[PDB]
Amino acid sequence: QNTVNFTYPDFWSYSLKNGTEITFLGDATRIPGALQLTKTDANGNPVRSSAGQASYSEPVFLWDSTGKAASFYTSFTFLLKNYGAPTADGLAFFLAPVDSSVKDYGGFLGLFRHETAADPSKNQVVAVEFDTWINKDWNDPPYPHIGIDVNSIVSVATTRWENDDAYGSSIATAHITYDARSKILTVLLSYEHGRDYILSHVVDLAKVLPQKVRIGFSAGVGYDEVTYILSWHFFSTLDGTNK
């Protein structure tokens, strides 16, 4: 089976064993109704300096030497819970090699190591980040933003994420699509009674990632913040690539 198709309308079925459908790494944990990305104390309050990842267990086929490549679409709703404003550091949906694991916390969103974070030759990861903290030292724009990261914590493209949304603690729905023919990654973020955010960028996944990858969520803190993934849908197709 070359493609994948799954939908989790909610996560109220929290009894599944770690690693069967979803794998949790670091401080990410499964709680009733959600995948909690970082650690919280007894009362459910955000702990500082924490990193965690929740990823699909089965490897995901992206491409192969025969020209076949997967176009995909993933949607998920999440609640980035904030305690005051601003908070740090955010979350990210990512695609990394099958054997990768959680990295540094804080501004690296558990996706990179401090030492190699700004070096594209030492990283193999593509991620759509929802950044809540301005790291002047890593080139973040002067406001919360949504960014597309290709092998580095320094986004190849970003777009303003308003303070009222970034620190509003309302449920948001994200749609991320990748067209394997035009090599276009598009991110759409919506708030029920608010605005929409759009960020598209040309990025050829075949040139930067291995043939099979693991997909998931990664978060890193930071302070006064915790992310919960409430639902998740993923679909891939080989359409338009000879097969």
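Sequential numbering from 1, following the sequence displayed.
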**Report entry** Greater mean Cα temperature factor according to the PDB record, 5 to 13 or 225 to 233
**Finding:** 5 to 13
Requested in this report: Take the C-alpha B-factors listed in the entry for 56 to 64 and for 171 to 179, compute each mean, and give the stretch with the larger one.
Outcome: 56 to 64
Query raised in the report: Of the choices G26, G216, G33, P46, which one's C-alpha carries the largest B-factor in the record?
Result: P46
Requested in this report: Name the residue from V150, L95, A157, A85 with the greatest C-alpha temperature factor listed in the entry.
Outcome: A85
Query raised in the report: Lowest, middle or highest third: where is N135 by C-alpha B factor in its chain?
Result: highest
Report task. Using the B-factors in the PDB entry, rank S101's C-alpha atom against the chain and give the third, lowest, middle or highest. Result -> highest
Query raised in the report: Lowest, middle or highest third: where is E129 by C-alpha B factor in its chain?
Result: lowest
Query - Third of the chain's Cα B-factor distribution that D196 belongs to, per the entry - result: lowest
Query - Third assignment of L37 from its chain's C-alpha B-factors - result: middle
